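When reading the values below, keep in mind they use all heavy atoms of this one structure, side chains included, and skip hydrogens, waters and symmetry mates. Numbered from 1 within each chain, the chains take letters A, B, ... in sequence-line order.
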Protein chains: 2
Amino acid sequence: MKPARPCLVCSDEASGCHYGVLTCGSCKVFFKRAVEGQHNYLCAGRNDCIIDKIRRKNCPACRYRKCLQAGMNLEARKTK
Amino acid sequence: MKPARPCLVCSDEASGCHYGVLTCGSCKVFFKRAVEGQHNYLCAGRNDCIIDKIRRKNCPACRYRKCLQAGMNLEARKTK
DNA sequence: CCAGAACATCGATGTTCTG
DNA sequence: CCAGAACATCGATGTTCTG
Ligand SMILES: [Zn+2]
Ligand SMILES: [Zn+2]
Ligand SMILES: [Zn+2]
Ligand SMILES: [Zn+2]
């Protein structure tokens, strides 16, 4: 049992730099899926929901904001 | 005077009087499924999300709770 | 009419592979 | 090493059916 190396968006076990920030493998494909298309989702609360290995599923909206705020960007850990 | 036409739990068009309250196809099933099944429903906000035709999938814990506040009951009968 | 079973669909996640 | 396709298995959800 590992000392956590925590994903900057959800606190679950990071897996490497993904799109510019340490993150587990789910935020990587979440973000990739988010940016490419229609992220018009709505918060059921007050635009500030907690996140954590269970609750990242609850609010897509907040999760997308947490990706942005932590610096994820597509042509990063890449090109120019 | 009373709203008859829409779901008491998510404001989607009701399908008849299920387990005690005017409701839709979904909250009916959801309700039974809540009570009987063992789950993990965890609010990510403050235990007061807006449950509606689209944010209802976001917090099932709050859907459940809205269902008990509104009157749904399992041993509750039939017949118009 | 309604409860409840069936059926079908949503989508997150995890793996392994290439370049 | 990361990006990003493929393809899998699930849990949660939701609609239409049949008694
Ligand atoms: Zn994460
Ligand atoms: Zn939120
Ligand atoms: Zn409903
Ligand atoms: Zn909630």
Side-chain angles (χ1 to χ4, degrees), chain A residues 2 4-42 44 49-64 66-67 70-80, chain B residues 4-44 49 51-67 70-80:
Chain A
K2 263 200 250 20
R5 107 192 238 219
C7 161
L8 278 213
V9 164
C10 64
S11 277
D12 194 29
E13 244 301 343
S15 80
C17 258
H18 300 120
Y19 304 107
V21 174
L22 215 91
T23 80
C24 61
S26 41
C27 303
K28 174 193 182 312
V29 63
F30 166 84
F31 184 77
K32 176 47 170 156
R33 218 169 197 136
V35 283
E36 304 254 65
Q38 287 172 115
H39 38 277
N40 324 327
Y41 339 95
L42 276 199
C49 300
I50 317 318
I51 196 153
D52 75 23
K53 184 209 171 176
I54 7 216
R55 333 210 262 249
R56 38 214 210 194
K57 313 151 337 171
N58 306 192
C59 198
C62 281
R63 203 182 182 181
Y64 192 51
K66 271 284 262 272
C67 281
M72 304 196 56
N73 46 347
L74 273 194
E75 291 223 293
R77 255 61 130 181
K78 257 181 331 308
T79 45
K80 278 270 282 160
Chain B
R5 188 43 92 264
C7 191
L8 254 63
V9 173
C10 84
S11 304
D12 185 26
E13 269 201 60
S15 57
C17 167
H18 311 294
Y19 306 94
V21 334
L22 171 55
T23 274
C24 69
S26 352
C27 319
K28 171 203 157 346
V29 227
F30 170 93
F31 182 72
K32 183 154 166 56
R33 232 157 206 171
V35 283
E36 314 230 297
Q38 265 87 130
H39 291 97
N40 243 202
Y41 276 179
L42 231 306
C43 197
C49 331
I51 290 319
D52 67 36
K53 182 223 238 87
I54 72 191
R55 301 195 263 266
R56 73 183 177 199
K57 254 163 158 140
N58 285 178
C59 193
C62 271
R63 200 200 194 175
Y64 190 45
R65 219 256 255 122
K66 174 159 185 211
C67 282
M72 310 192 67
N73 214 338
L74 225 54
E75 268 214 66
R77 263 68 83 135
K78 313 208 175 38
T79 297
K80 47 120 142 271

Considering only side-chain heavy atoms of [X], which listed nucleotide, [options], is closest?
| X | options | result |
| --- | --- | --- |
| B:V29 | D:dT13, D:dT15, C:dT13 | D:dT15 |
| B:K57 | C:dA3, D:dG14, D:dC2 | D:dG14 |
| A:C17 | D:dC2, C:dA3, D:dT13 | D:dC2 |

What is the separation between atom [atom1] on [X] and atom [atom2] on [N], rounded to the nearest whole Å?
| X | N | atom1 | atom2 | value |
| --- | --- | --- | --- | --- |
| B:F31 | D:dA12 | CZ | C1' | 17 Å |
| B:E36 | C:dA5 | CD | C1' | 13 Å |
| B:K28 | D:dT16 | NZ | P | 14 Å |
| A:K78 | D:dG4 | NZ | P | 5 Å |
| B:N73 | C:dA3 | CG | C1' | 14 Å |
| A:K32 | C:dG14 | NZ | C1' | 19 Å |
| B:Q38 | D:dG11 | CD | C1' | 15 Å |
| B:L42 | D:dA12 | CG | P | 13 Å |

Given the sign of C1'-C2'-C3'-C4', the sugar pucker at D:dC7: south
Could you tell me whether the sugar of C:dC2 is north or south, judging only by the sign of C1'-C2'-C3'-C4'? north
Complementary nucleotide of D:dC2, counting Watson-Crick and G-U pairs under 3.5 Å: C:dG19
When both distances are under 3.5 Å in a Watson-Crick or G-U wobble arrangement, the nucleotide paired with D:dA12 is C:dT9
Flag yes if more than 12 heavy atoms outside A:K78 fall under 6.0 Å of its NZ atom; otherwise flag no. yes
Could you check whether atom CD of A:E13 has more than 12 heavy atoms from other residues, nucleotides or ligands sitting under 6.0 Å from it? yes
In terms of the angle between their ring planes, are A:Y41 and A:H39 parallel, tilted or perpendicular, with boundaries placed at 30° and 60°? tilted
Contact nearer the 5' end of DNA chain D, comparing A:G16 with B:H39: A:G16
5'-most contact on DNA chain D (nearest-nucleotide basis), A:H18 vs B:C24, goes to A:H18
Do any N or O atoms from the side chain of B:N58 and from the backbone of A:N58 form a donor-acceptor pair under 3.5 angstrom? yes
Is A:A76 touching bases, backbone alone, or none of the nucleic acid, heavy atoms closer than 4.0 Å? sugar-phosphate
Would you say [N] has OP1 or OP2 under 4.0 Å from some side-chain N or O of [X]?
| X | N | value |
| --- | --- | --- |
| A:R56 | C:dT13 | yes |
| A:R55 | C:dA12 | no |
| B:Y19 | C:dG4 | yes |
| B:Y41 | D:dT13 | yes |

Using heavy-atom distances to pick each residue's nearest nucleotide on DNA chain C, tell me which of B:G20 and B:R33 is more 5'. B:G20
Could you measure the distance from the CZ atom of B:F30 to the NZ atom of B:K57? Nearest 0.5 Å is fine. 12.0 Å
